[PDB]
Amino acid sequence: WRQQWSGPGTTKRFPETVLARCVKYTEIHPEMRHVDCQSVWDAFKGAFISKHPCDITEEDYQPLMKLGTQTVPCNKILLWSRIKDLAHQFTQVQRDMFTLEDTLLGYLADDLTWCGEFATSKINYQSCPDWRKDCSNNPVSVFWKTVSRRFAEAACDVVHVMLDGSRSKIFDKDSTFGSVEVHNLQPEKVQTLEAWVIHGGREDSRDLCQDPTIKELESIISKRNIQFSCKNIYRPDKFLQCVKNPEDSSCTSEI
């Protein structure tokens, strides 16, 4: 009966895009220069080619995880939930801190779609499974759960997280951040999780650190024996300007 999936198909020129991103990343990051980008592509394709794209497992991605092993300075991590573009803008100006997309494997996959099919060795450019409409264990969703659990496990000292203060659930306990990332923060390594709650422009300077879902996050973090801190980012434009030039007279010292 199944004639196609509900989601968009594999990114056009996905193979070229993965290989090119690997070459660019290993140029910019001489600490990953040991990587063989063709081997990385072959491991990536091997995770999902010739497999039914609702049957993918974390073990499928183990060859890729091995080749893309990277040590990230554990006290320099910025996590995010539903506000990736501002998190990226932040690490473009605070260049010693890392989101997952600043790691080799996150950089390879960012904003892409991919899948295969059981019958053949071909990449499916026509359609790929949507996580909700078709199946959760799809090539893209399984990749991100695999790599983000390792990223969260590795974080230490003070960990920061950006949250979207415009959403109905500023912290959604069932989001990928709330499931995979929060519950892989290890208390033996992590002292504090500090949330940066980004105002949208319709929160009227309310203190969103008192929001019910932030109180939920505080309780979950407290139960993992980690300290919780929360800061409102009232003006995300001015915040980035001040990260770039900390002496600009528009700067606050709220963060």
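All residue numbers are counted from 1 along the displayed sequence.
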Exercise. Would 233 to 241 or 9 to 17 have the larger average of its C-alpha temperature factors, as given in the entry?
Worked result: 233 to 241
Seminar exercise, completed: The stretch carrying the higher mean Cα B factor in the deposited entry, 103 to 111 or 87 to 95, is 87 to 95
For this session: Check the PDB entry and point out which of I214, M32, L193, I198 has the largest C-alpha temperature factor.
Result: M32
Exercise. Out of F151, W131, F171, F118, which shows the largest CA B-factor listed in the entry?
Worked result: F118
Exercise. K76's Cα B-factor: lowest, middle or highest third of the chain?
Worked result: middle
Problem set entry | Among modelled residues of the same chain, the CA temperature factor third for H160 | lowest
Seminar exercise, completed: The third of the chain into which the C-alpha temperature factor of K122 falls is the highest
